[PDB]
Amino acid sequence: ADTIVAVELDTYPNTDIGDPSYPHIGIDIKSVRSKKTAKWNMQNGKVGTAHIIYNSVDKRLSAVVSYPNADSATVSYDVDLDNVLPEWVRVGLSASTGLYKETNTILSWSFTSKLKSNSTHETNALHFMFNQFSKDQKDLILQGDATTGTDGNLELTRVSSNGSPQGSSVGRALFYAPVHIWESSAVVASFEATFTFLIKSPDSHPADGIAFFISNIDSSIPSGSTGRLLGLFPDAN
């Protein structure tokens, strides 16, 4: 099985796998049963923004989510990612629906990783920024039901020709290049990610959510990971 670290924007409360009884933001370390959660006042049909930050000095994975005109939600968890993830990873976005559903539309995604060595300075970095997505977006690896180019956006889960979200859908987008998150000479390693999203549903109960994740380079959607598993995990262990 893959190795996954993720920040989840979890729209549906599954209380038997430890979700709180409300939409929430969570930090997931090798399990869908988040290590830490915070209440998230999710707004159906509004564009929101998520930010994720980490560095190897402090060893704290943190995230913040907001909408215009609204207060933010934040969550943090102390974890040494070099003890969880391999030295080379891929980074991605994932989303799912089940019997309950929503659009999982990404309007923008940026990421920056840096490795500073002890050689005079000495800086190594990767940065990408998407503010549109075209039909043939060659620097993304699309998995499952994910598509690019409809209204210039990344649709992680299936949307009907009329714009209605579909149930029982899972999809992911991974950046094409592998990312180097640990190196033996690094004195500080850091990453930051931001994405803007639009979660809409005809229903009072949207599901299931969107996640930013970091994985082994060869990660793939686990079998049966629709719905509450967010396209990330094979089971709820």
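We number the residues from 1 along the sequence you see. Heads up, when I say rigid core I mean the largest set of C-alphas that superpose within 1.5 Å between the two forms.
For the pair 96-104 and 127-135, greater average C-alpha departure from the shown form in 8 other deposited structures of this protein after core alignment is found in 96-104. Averaged over structures and residues, the CA distance from the shown form in 8 other deposited structures of this protein after a core fit is larger for 198-206, of the two stretches 167-175 and 198-206.
In this entry, the higher average B-factor at the C-alpha atoms falls on 159-167, of the pair 133-141 and 159-167. When the C-alpha B-factors of 120-128 and 79-87 are averaged, 120-128 comes out higher. Considering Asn216, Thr15, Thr226, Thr11 together, the PDB entry gives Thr15 the largest C-alpha B factor.
Remark: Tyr176 belongs to the middle third of its chain, ranked by C-alpha B-factor as recorded. Compared with the other modelled residues of the chain, the Cα B-factor recorded for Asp58 ranks in the middle third. The entry lists a Cα temperature factor for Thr148 that places it in the highest third of the chain's modelled residues. Ranked by Cα temperature factor within the chain, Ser190 sits in the middle third according to the deposited record.
When the modelled residues of the chain are ordered by C-alpha B-factor, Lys35 sits in the middle third.
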